[PDB]
Protein chains: 2
Amino acid sequence: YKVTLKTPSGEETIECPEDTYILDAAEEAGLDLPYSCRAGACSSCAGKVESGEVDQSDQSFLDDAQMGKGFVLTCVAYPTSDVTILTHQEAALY
Amino acid sequence: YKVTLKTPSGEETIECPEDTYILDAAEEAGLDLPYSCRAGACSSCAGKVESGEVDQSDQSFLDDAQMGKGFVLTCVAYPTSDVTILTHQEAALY
Ligand code: FES
Ligand code: FES
C-alpha cells in the first residue's frame, strides 16, 4: 500500500506491504522516524491516521479512546489500505 | 550530573555521568525518549538546552545557528554540568 507520511520536514510517500509495519517500511525507504521501545508499549512512534486504515493489534499503550481518535503506534502498525499519517504526534496525547 | 528532562508526559530527573550520553542515561532510568539513527545524523532525538551545558561534538546534523539556540542531539550529547533539556523538539527545527 502507499503510505503518505506528513512529517515535520515535509510529506514523504513510501510503499509498505500489508505484512510490514509502517516504521519498518519507512526505515527501508531511508526515513528517520522517531521510536523507542519498538514494541507497542510507549508513545514515541505515535502518529495520527488522517486517511485509510491500520491494524495495530499488538500495541498496548494507547487506550480505546485514543485509537478511536486516530492515534497509531507506527512501530507495530500495518496498513490495510493506502494510509496518510501525521507523524510526531506523541505530544498530542498529553 | 543531574539531568532534568521536560518531556510531554512530565518532568523527569536522572543522573548521567560526564562520560555517558543523555539518551543512554535516560534509557537506563527507564525512560523512552525518541530516537532513530543514534549517530548524530538526524534530528529525531533533538531537544533544547534550557540550563547548563552539553558536549555534542560527534553530532553532524545541526548547524551552528541551531546549536547556538540551544538545540541538542541527545543521542550523542554528554552533560558537562547539571542540565535541563526540553525533549521532543525536532518539530521546532522545521
Ligand atoms: S516505539 Fe514504543 S510504541 Fe512504538
Ligand atoms: S537519533 Fe539521529 S541524531 Fe540522535
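Quick check of the header: X-ray crystallography, 1.4 Å.
Backbone N, Cα and C atoms are what each Cβ position is placed from, and that goes for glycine too.
If you check Swiss-Prot, you get these features:
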type	residues	note
BINDING	A:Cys37, A:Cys42, A:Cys45, A:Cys75	[2Fe-2S] cluster binding site
DOMAIN	A:1-91	domain '2Fe-2S ferredoxin-type'
MOD_RES	A:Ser9	phosphoserine
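Mapped onto DSSP classes, the domain '2Fe-2S ferredoxin-type' (A:1-91) shows 17 helix, 30 strand, 44 coil. In this entry, A:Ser9, A:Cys37 stand out among the recorded positions A:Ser9, A:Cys37, A:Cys75 as having a C-beta under 8 A from a C-beta of chain B.
Cα-Cα distance from A:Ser9 (phosphoserine) to A:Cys75 ([2Fe-2S] cluster binding site): 20 Å (rounded to the nearest whole number).
Long-range neighbours of A:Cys42 ([2Fe-2S] cluster binding site) (same chain, six or more residues apart, CB within less than 8 Å of its CB): A:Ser36, A:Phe61.
With the fewest other C-beta atoms within 10 Å around its C-beta, A:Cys37 stands out among the binding-site residues A:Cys37, A:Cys45, A:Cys75. Take the CB of the residue listed as 'phosphoserine' and look out to 10 A: across all protein chains shown you find 15 other CB atoms.
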